[PDB]
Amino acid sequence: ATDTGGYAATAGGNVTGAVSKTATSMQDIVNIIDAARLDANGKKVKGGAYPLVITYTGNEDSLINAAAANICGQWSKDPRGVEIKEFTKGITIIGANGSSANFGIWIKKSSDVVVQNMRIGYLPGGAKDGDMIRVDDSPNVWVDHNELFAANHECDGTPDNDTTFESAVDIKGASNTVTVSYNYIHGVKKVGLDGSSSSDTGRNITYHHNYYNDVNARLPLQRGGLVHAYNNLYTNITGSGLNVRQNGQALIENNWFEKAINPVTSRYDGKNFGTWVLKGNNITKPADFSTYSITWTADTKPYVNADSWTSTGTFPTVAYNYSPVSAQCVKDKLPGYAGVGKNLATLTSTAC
């Protein structure tokens, strides 16, 4: 019921007393959440009055298709997103098949929120934090079976030459336990941070069974804490992958890396290098780099790359229960389980 296969343990809105609602538009989602804060007497209840299961049936393909055709006109528009602020009764936002959104989900100071089967893409407002999914000061969040996409490209003359599009899954603050699973993330320059700054360290996050394709960096950009990445398929990484910083620890197991530049590294700070424990990935030694097109580059400040493909530290005993399939099975099967319209199907060895 509360098993996500990672550090997050939540059933979201699928609990006792849950109220099911259908949202046909972004504004409905907003109105529905607002109504869920009132008690039988019409007075607001801190954290929400009752649990919710919102089924989003909206479709914004027209907005998405128009944006895909004019990539550079997106960054300067107003950002669009539904905010889930201080809602702790339990909430699940699940898209209907055929559903789509050109707006993001921004979670702040909440807990026990699950967002599933949502196809989100080409969001406007990259220069004003137009994230697809943001988890801020929010423990027990599960982002599962979603398709997050844009174009892995940077337009000219954008603020900081970094704002053509914002991130897919940014995690920051006290979001102590989070699970990011079965997502199909493609065409994204900045996938997601795990800590917004050098001081924003900590958290225990699990990234499992995600399919990354044509992404530039931040898988994630980790600042301290623990990150467990297993059964992910990493292909066409154009910049860097898992960047473990501020003495963070990562357990990188049974993943498949292919056509990736700097898949596992610790760079951009020049100090306080993170560590990684590598085991069961398709790459087992430097000899495999050529086999899978793994390239390494240096940085202008002191850095550490896993070009020796050896463990550089340790990792505490993994709390939860999980059963990873082989890296080969991920490569062969994952694409059919990750994303939307897969009916939240999970990959087990039985299917390998």
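In case it trips you up, residue 1 is the first one in the sequence shown, and so on.
- Higher average CA B factor: 326-334, of the stretches 326-334 and 6-14.
- Judged by mean Cα B factor in the deposited record, 312-320 ranks above the other of 64-72 and 312-320.
- Take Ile294, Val304, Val30, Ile54 and read off each C-alpha B-factor from the entry; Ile294 has the highest.
- Across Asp194, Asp131, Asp160, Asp144, the entry's maximum B-factor at the CA atom is seen for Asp160.
- Among all modelled residues in its chain, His228 ranks in the lowest third by Cα B-factor.
- Per the deposited record, the Cα B-factor of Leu278 falls in the middle third when ranked against the other modelled residues of its chain.
- When all modelled residues of the chain are sorted by CA temperature factor, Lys189 is found within the middle third.
- The entry lists a Cα temperature factor for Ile93 that places it in the middle third of the chain's modelled residues.
- In the deposited entry, the Cα temperature factor of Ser111 places it in the middle third of its chain's modelled residues.
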